[PDB]
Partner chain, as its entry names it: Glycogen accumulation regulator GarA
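A single chain, nothing else alongside it, follows as structure tokens in the form solved without the partner chain.
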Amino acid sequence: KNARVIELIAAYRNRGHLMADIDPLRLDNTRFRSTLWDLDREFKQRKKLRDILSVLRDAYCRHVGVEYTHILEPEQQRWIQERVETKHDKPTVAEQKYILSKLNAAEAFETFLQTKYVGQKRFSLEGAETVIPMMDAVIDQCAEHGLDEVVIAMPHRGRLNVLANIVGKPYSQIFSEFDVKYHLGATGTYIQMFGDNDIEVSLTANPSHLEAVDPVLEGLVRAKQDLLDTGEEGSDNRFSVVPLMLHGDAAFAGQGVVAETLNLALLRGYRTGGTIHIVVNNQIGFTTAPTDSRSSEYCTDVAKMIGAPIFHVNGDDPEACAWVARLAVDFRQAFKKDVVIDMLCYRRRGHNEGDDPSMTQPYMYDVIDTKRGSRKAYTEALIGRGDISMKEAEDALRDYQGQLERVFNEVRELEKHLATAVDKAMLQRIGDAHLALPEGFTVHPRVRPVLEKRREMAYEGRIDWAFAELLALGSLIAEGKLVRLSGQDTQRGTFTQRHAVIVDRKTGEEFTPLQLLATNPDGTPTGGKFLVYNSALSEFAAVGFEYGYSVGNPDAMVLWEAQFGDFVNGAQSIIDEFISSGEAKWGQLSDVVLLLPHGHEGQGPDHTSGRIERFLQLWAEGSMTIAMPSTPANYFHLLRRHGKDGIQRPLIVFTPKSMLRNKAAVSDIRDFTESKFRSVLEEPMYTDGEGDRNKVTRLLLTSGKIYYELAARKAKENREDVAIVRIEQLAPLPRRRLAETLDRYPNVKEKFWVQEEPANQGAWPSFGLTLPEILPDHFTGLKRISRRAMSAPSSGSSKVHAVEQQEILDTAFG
């Protein structure tokens, strides 16, 4: 008998959520449909079976379905158990009237939006208004914990309602010259109704691509947390900036970026101390039923991936919705982990203007047609329970009518009316930092020569690409800049070239040489910091996060590195929807850097190209900077210009692979100490040597590592009749610098654009069309030397690659 009780308690805790009254439509009729003497007997604390069962039914089988026994941490399971398995105190009349007022403001907003304007049906929150008192309870509970800010990400459903009743934006600002408003960012201040605290509330900008903003929100919050010295990279572990992420039920289950973003939740380089997720689960996705949208019982089942607690709540019970919201914030504060709230509701109207939803879902919409909304239901529930009188119920209808009148009246009144060069001592300091090892630290025998070579390069020259990058980042940290660098195996570097973090051979303790530059020689801090991480095996969420991080902190130097540029197409939605276009669409600025290893080396179509042609196609004046530097010093100056120009614009860099170790691809100390970024580069024989520009009859225009191969052939045959000019900055085209350079070669009879990439790829599709237009006196008659047009970035054979590479060089000097 005692064993049956223990099995019954476990059954309610594990599967009680399957029997809970969570659906306000009660569509599934089989949900509930599919000894007595022992009830008065006491069982081991000592309690009667009737009391054990009543607590279990109220906690797990009422309007809240709790999923938590999947959580591997026993202390988290106990925390939930203790707060859910108790006789809860009824809310005060003032708290109930406050919830009803939020519902009044929410429904008053929806009734206005549909009546006043045309084409607003797709943004309707009708049937889901209970999300407003729920979000209000989340933010109020965050203010109760004394937190600094709540940052919201959401799709467009009920967005202007969120702006008005959550962010607190006035109607004059919302409906000012009223489309793009459903995708813009916003900021406001939330003031507690019954408390004495206030909290900042912001909304991030987003495209129509559902869930794509999810990792952008995480990076944005993480950037704000690092600035406030809270969380993982802060003195306190309060994570005082809270991500509040809203979702639709079909999008939460079908979009892969959801799983990728959940996967970042506890990572040292990406954690935000837990996200509060709210799914507006209207049990439909346009015309699609949940059975065609997901292969699981709940739309939130993906969140079990990180052992997050899940709360399924009845959208027609705003008291349960507000209580679950406050419990979610308390769980997040206690364990610094994600909490998911599944709000079961409905979509009152069609998906859009041309939709009669009974065409595709007749059963659901015959049931929806009998529904009266949460505001009217909750008013009737408070009357029946005896919580409010008829006068209080009438004053609530008067509150609703007044909120409806105020928005119509306020909208009516609105309708009536810099050097990048550093000193030699700076290079030497960064060099010395690589040998300034902590006491008792054991360097790996293969890492030690890299550290010694860096000190050698800093004092004697012949600086390679990898060190030049760290010289740029190190000098920025010394000047007080925050530098965040991440990507797949980025601490060591894919080509074993970076060693930004070195690992103790005996203890595994990490040492970051560039972090020593965050302290001045006098011992005071510079204000700078180096945050370098190995990313998860993700492109979409990682690129999204880094973009979001640069929005959250515009003063930060943010760099994301692809393993190979070929894998950045996994993040195409972030590149297309945020990086390349965010400024023009929403006035949202980003200084994010994308490092894309690129080059034809015979390693196949997925280890050759970062697709230069695609980034050049996306580019428009002032949207991005696109570069492919050929020297370590020019890359150093490119990174320093980017971090110090005071302009928030993304930078796309096509970085080297074998050229990292090319002995000809090295720079002198003077290139770092007495120079600047050069958008156009000439051969050193004309600028520093004894070369004669007047002997040149053939001009080769190129970019990247193929320069060294072209220069080697020129030197081998003593070809004084041929000159090689490098275009370092691909976008914006350096028109003036290119014109001035070409004017120094007056006897040129033919010009050729030389590239490794196929004819339909690289810089030729854009340069071949733009150069004869922007500079007709210089590029009329410009011809192409490249690989043949291909459906892939390269051949799969290293043998075919070698033949094609030699064919390019022979054509250029033929």
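Just so we're on the same page, rigid core means the largest C-alpha set that superposes within 1.5 Å between forms. Residue numbers count along the first chain shown, from 1.
Averaged as a root mean square over residues and superposed structures in 6 other deposited structures of this protein, CA distances to the shown form are larger in 402-410; the pair compared was 508-516 and 402-410 with a core fit.
Two stretches, 165-173 and 719-727, are weighed by how far their CA atoms sit from the shown form in 6 other deposited structures of this protein after rigid core superposition; the farther one is 165-173. Across the other compared structures of the same protein with both neighbouring residues present, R33 lacks coordinates in at least a third.
Missing-residue comparison: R787 falls in the unmodelled set for none of the other PDB entries checked, so it is not missing from a third of them. Per the record, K783 and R784 follow each other directly, and no deposited residue is missing between them.
Where coordinates are absent for parts of the deposited sequence, a chain break appears; between neighbours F178 and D179 it spans 10 or more residues. Here the stretch with the larger average CA B-factor, out of 687-695 and 653-661, is 687-695.
Taking only CA atoms, the mean B-factor in the PDB entry is higher for 191-199 than for the other of 702-710 and 191-199. Of the candidates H499, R611, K391, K585, it is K391 whose Cα B-factor is highest according to the PDB record.
Taking only the listed residues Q761, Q755, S766, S54, the entry reports the highest CA temperature factor at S54. For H637, the recorded CA temperature factor ranks within the middle third of the chain's modelled residues. Sorting the modelled residues of the chain by their CA temperature factor places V221 in the lowest third. In the deposited entry, the Cα temperature factor of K90 places it in the highest third of its chain's modelled residues. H145 sits in the middle third of its chain by CA B factor, as recorded in the PDB entry. Among the modelled residues of the chain, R122 sits in the middle third by CA temperature factor in this PDB entry.
The following text describes the form deposited with the partner chain bound, which does not appear among the structures shown.
Comment: 192-200 is the region of 544-552, 736-744, 192-200, 715-723 lying near the partner chain in the deposited complex, near meaning a non-hydrogen atom within 4.5 Å. The partner is absent here; in the deposited complex, the one residue of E149, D316, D136, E683 having a heavy atom within 4.5 Å of the partner chain is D136.
Checking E456, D432, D668, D399 for any heavy atom within 4.5 Å of the partner chain in the deposited complex turns up a single hit: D399. The partner chain is not drawn, but in the deposited complex it has a heavy atom within 4.5 Å of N104. Taking the partner from elsewhere, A664 is found to have every heavy atom lying beyond 4.5 Å of the partner chain in the deposited complex.
In the deposited complex, at least one heavy atom of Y98 sits within 4.5 Å of the partner chain. Contact annotation for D645: none of its heavy atoms lies within 4.5 Å of the partner chain in the deposited complex. Within 4.5 angstroms of the partner chain in the deposited complex, the stretch 149-172 places a non-hydrogen atom from each of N165, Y171, taken in sequence order.
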